[PDB]
*Asks:* 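Have a look at the structure that comes next, please.
A, B, ... follow the sequence lines: proteins, then strands. Residue 1 opens every chain. Every heavy atom of this structure was used, including side-chain atoms; hydrogens, water molecules and symmetry mates were not.
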There are 2 protein chains.
Amino acid sequence: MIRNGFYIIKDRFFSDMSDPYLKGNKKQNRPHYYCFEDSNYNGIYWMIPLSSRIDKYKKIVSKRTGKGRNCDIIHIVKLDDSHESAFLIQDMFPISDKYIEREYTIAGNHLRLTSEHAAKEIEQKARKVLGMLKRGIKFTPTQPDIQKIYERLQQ
Amino acid sequence: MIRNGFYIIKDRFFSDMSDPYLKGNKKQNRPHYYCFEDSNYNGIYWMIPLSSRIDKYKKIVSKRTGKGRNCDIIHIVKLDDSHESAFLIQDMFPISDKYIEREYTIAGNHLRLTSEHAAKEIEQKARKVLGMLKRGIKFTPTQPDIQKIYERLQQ
RNA sequence: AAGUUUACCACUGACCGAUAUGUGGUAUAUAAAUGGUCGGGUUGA
RNA sequence: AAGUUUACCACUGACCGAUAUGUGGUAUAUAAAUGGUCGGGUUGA
Ligand SMILES: [Ca+2]
Ligand SMILES: [Ca+2]
Ligand SMILES: [Ca+2]
Ligand SMILES: [Ca+2]
Ligand SMILES: [Ca+2]
Ligand SMILES: [Ca+2]
Ligand SMILES: [Ca+2]
Ligand SMILES: [Ca+2]
Ligand SMILES: [Ca+2]
Ligand SMILES: [Ca+2]
Ligand SMILES: [Ca+2]
């Protein structure tokens with residue numbers, strides 16, 4: 001994987017981890033964003049699932065925004081396919097190389113977040129969210145057990 | 001000289017160049033800012049004179065700002081002595097090492113523009129102003145002849 | 001797909017302090033990314 | 001101290017064009033610094 005690219009993840013990942021709170025892979029159709037490599041173990045990569053349910057995710061953003069705060073758990077931006085996507089940073093999770101199926105493409109090119117300023121903002125939000133998750137913060141009552149996944153990946 | 005430092009220039013410079021439009025050096029009491037070294041000749045340095053006449057220079061800035069444009073010829077910023085200074089980028093000029101008298105000081109330390117973001121903005125404004133001056137632009141009818149000075153410095 | 005609880009840790013430039021509505025980090029604090037503001041301070045335009 | 005006339009050159013990301021109210025550069029354009037918008041285009045949530 002290359003940083004800021006979008007990818008499809010093998011269903012095998014989801015059946016191996018068996019976590020009912022990960023965003024469903026929709027049979028290898030949900031694009032996932034590769035945010036950054038883990039600092040502590042090489043070969044573990046942090047991914048963020050996307051959703052196109054903008055009406056739903058805008059309301060969640062506006063919960064914070066309407067109180068004068070940034071939303072770190074969701075970030076909505078127009079991708080290079082010219083449509084808006086929600087990055088569910090809240091639901092980010094770790095993965096290893098063997099679980100990656102392929103590049104997510106647009107007309108046979110690799111879709112990726114080419115706008116560096118958007119990538120940078122997303123990366124910051126993700127570091128913050130991951131920091132908070134590691135310290136036991138729960139943004140929803142249905143939060144994936146990324147600690148369990150992370151330990152399983154430690155091969 | 002070190003980039004972003006303030007300096008006093010020898011009166012000898014001003015009597016040698018005899019340019020009535022350079023900002024008067026007030027008998028070696030006008031601080032001057034060292035912006036950047038000349039690209040074409042080492043040992044030639046571009047300087048910017050300062051003025052504390054903020055009321056006057058604010059009006060000149062607002063001529064452009066009031067039409068929605070940036071002012072590049074004048075930039076006003078609070079220095080580390082906690083007072084506002086006008087950088088008369090319009091009146092910038094070249095100099096060589098032998099015309100520098102000494103560091104401009106605050107309580108025996110070297111006054112300099114430590115706020116990098118301000119230094120960067122000023123450097124950009126200066127590159128633009130110098131570019132325009134080299135192409136014959138005249139911001140005032142009383143503009144120093146920096147070409148003549150620049151040639152004299154070449155020796 | 002559904003699901004909707006923002007924590008903690010440091011940092012904020014003449015120099016000496018302080019500080020968040022600013023900066024970044026994620027168990028680390030000689031890091032990273034900021035450089036505003038307030039008090040002291042101050043030859044010089 | 002007084003003095004108060006903003007030019008030109010390129011650049012604006014799946015890909016192909018275009019563009020300044022955006023980016024930077026100063027005689028250079030395989031540079032630098034930006035990455036919005038419009039038109040085309042588009043398996044997948
Ligand atoms: Ca794009
Ligand atoms: Ca379109
Ligand atoms: Ca300062
Ligand atoms: Ca003060
Ligand atoms: Ca510091
Ligand atoms: Ca301090
Ligand atoms: Ca403190
Ligand atoms: Ca450091
Ligand atoms: Ca480019
Ligand atoms: Ca283009
Ligand atoms: Ca063009």
*Asks:* For the neighbouring pair C:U23 and C:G24, do the six-membered rings of their bases satisfy both conditions, a centre distance under 5.5 Å and a plane angle under 30°?
*Replies:* yes
*Asks:* Under a 3.5 Å cut-off on both pairing distances, which runs of 3 or more consecutive Watson-Crick or G-U pairs involve RNA chain D?
*Replies:* D:7-11 with D:22-26, D:15-19 with D:36-40
*Asks:* Between the side-chain atoms of A:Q143 and the base atoms of C:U4, is any donor-acceptor pair under 3.5 Å?
*Replies:* no
*Asks:* Between the base of C:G13 and the side chain of B:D80, is there any donor-acceptor pair under 3.5 Å?
*Replies:* no
*Asks:* Applying ring-ring contact (aromatic ring centres under 6.0 Å, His included), which residue pairs with at least one partner in residues 104-134 of chain B are found, sequence neighbours left out?
*Replies:* B:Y7-B:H110
*Asks:* Does A:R112 place a side-chain N or O at less than 4.0 Å from the phosphate oxygens OP1/OP2 of D:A14?
*Replies:* no
*Asks:* Check if the side chain of A:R53 and the base of C:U4 share a donor-acceptor pair of N or O atoms closer than 3.5 Å.
*Replies:* no
*Asks:* Kindly label the base of C:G35 as syn or anti, based on whether its glycosidic torsion lies within 90° of 0.
*Replies:* syn
*Asks:* For the pair made of CG in B:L79 and P in C:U42, what is the distance, rounded to whole Å?
*Replies:* 17 Å
*Asks:* Send over the distance from A:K23 NZ to D:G44 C1', rounded to a whole Å.
*Replies:* 16 Å
*Asks:* Would you mind calling D:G22 syn or anti? Take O4'-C1'-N9-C4 for purines or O4'-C1'-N1-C2 for pyrimidines, and syn is within 90° of 0.
*Replies:* anti
*Asks:* Has the side chain of B:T105 got a donor or acceptor atom sitting under 3.5 Å from an opposite partner on the base of C:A14?
*Replies:* no
*Asks:* Return the stacking result for C:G3 and A:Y21: yes when the ring centres lie under 5.5 Å apart and the planes under 30°, no otherwise.
*Replies:* no
*Asks:* Give the rounded distance in Å between these two atoms: NZ of A:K128 and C1' of C:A7.
*Replies:* 9 Å
